[PDB]
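Novice: Once you've seen the sequence and the experimental structure below, I've got questions.
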Amino acid sequence: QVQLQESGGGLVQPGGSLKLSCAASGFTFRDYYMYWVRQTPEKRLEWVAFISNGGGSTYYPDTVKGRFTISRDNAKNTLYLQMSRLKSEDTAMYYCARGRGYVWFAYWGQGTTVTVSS
Amino acid sequence: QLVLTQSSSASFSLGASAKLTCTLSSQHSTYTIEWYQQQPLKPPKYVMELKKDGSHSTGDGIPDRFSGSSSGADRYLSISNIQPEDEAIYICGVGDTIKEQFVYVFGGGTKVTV
């Protein structure tokens, strides 16, 4: 059974940085694409970042492209999301998701909330 | 101009039948979408992948009461014999590689109350 566990959220300030982690288990981490998807207070879902099996390719929406960095350490079975120059608009619940074939978000984590206040 | 417009939130009485709509933007009427279900305070859950011909494959733990069909730019999620556990927000999403770069749009979501 697949398990994804996020960590690292909390109350932060605009301009700061924060790094989120997602501990994976129940599957061979290195054999799958991993993603980060967030849900804002208004309930809207937003894809935030994607990384390939061995970390060779990464893609982001133009909304976070120059501020967020997705990375992974396959030896630790962990996915990361480095967030810099935090904006109020970054306030949301962040989820890590694992794909399956052509399906992007086949498996989701529990989510960690990042609250940016101003 | 990739957008997904979803039908309005509605309530259904246990045992009833529900049909939800997710409309693709005209230029992408032949796209394959994904349906996600999110129950109160819980993580979204993968429901199904739905193609232009209405064919689909559901996720694990999905009751046979959930089916999909299509009609042009419309993508439908049909919930048969509505149960309590079905109360949730249903969001559709669609991926695409526009300018050699990933893109993924979600719909506003539709809340189903029982």
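Specialist: Arrived safely. Numbers count the residues shown, from 1 in each chain, chains lettered A, B, ... in the order given.
Novice: So which bits of chain B are right by chain A?
Specialist: B:32, B:34, B:36, B:43-46, B:49, B:59, B:89, B:91, B:93, B:95, B:101-104, B:106, B:108-109 (C-beta under 8 Å from any C-beta of the partner chain). Every C-beta, even on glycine, is put in place using the N, C-alpha and C of the backbone.
Novice: how many other residues sit next to residue B:96?
Specialist: Neighbour count of residue B:96, defined by other C-beta atoms under 10 Å in any protein chain shown: 13.
Novice: hang on, the earlier thing: of the residues of chain B next to chain A, select the buried ones using a PyMOL command.
Specialist: To isolate the buried ones among the residues of chain B next to chain A in PyMOL, judged by 16 or more other C-beta atoms under 10 Å in any protein chain shown, type:
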select buried, chain B and resi 32+34+36+43+44+45+46+49+59+89+91+93+95+102+104+106+108+109
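Novice: Select from the residues of chain B next to chain A every entry located in strands.
Specialist: Judged by DSSP state E, strands contain the following of the residues of chain B next to chain A: B:34, B:36, B:45-46, B:49, B:89, B:91, B:93, B:95, B:102-104, B:106.
Novice: Now the most centrally placed residue in chain B: closest residue in space that isn't a chain neighbour?
Specialist: Closest residue to the average C-alpha location of chain B: residue B:35 at 3.5 Å, with C-alpha atoms, centre = their mean. Once flanking residues are discounted, residue B:35 sits nearest to residue B:47: 4.0 Å by C-beta to C-beta, 6 or more residues apart in numbering or on different chains.
Novice: Could you do residue A:98 as well?
Specialist: Per C-beta to C-beta, 6+ apart, closest to residue A:98 is residue A:107, 4.3 Å.
Novice: show me what contacts that neighbour?
Specialist: Contacts for residue A:107 (C-beta atoms under 8 Å, 6 or more residues apart in numbering or on different chains) come out as A:2, A:4, A:97, A:98, A:100, B:46.
Novice: how many other residues sit next to residue B:94?
Specialist: Residues near residue B:94, counting by other C-beta under 10 Å: 23.
Novice: Okay, and the beta partners of the nearest residue to it once chain neighbours are set aside?
Specialist: Of all residues beyond its chain neighbours, the one nearest residue B:94 is residue B:33 (4.7 Å), with distances taken as C-beta to C-beta, 6+ apart. Counting by DSSP bridges, residue B:33 forms beta bridges with residue B:50.
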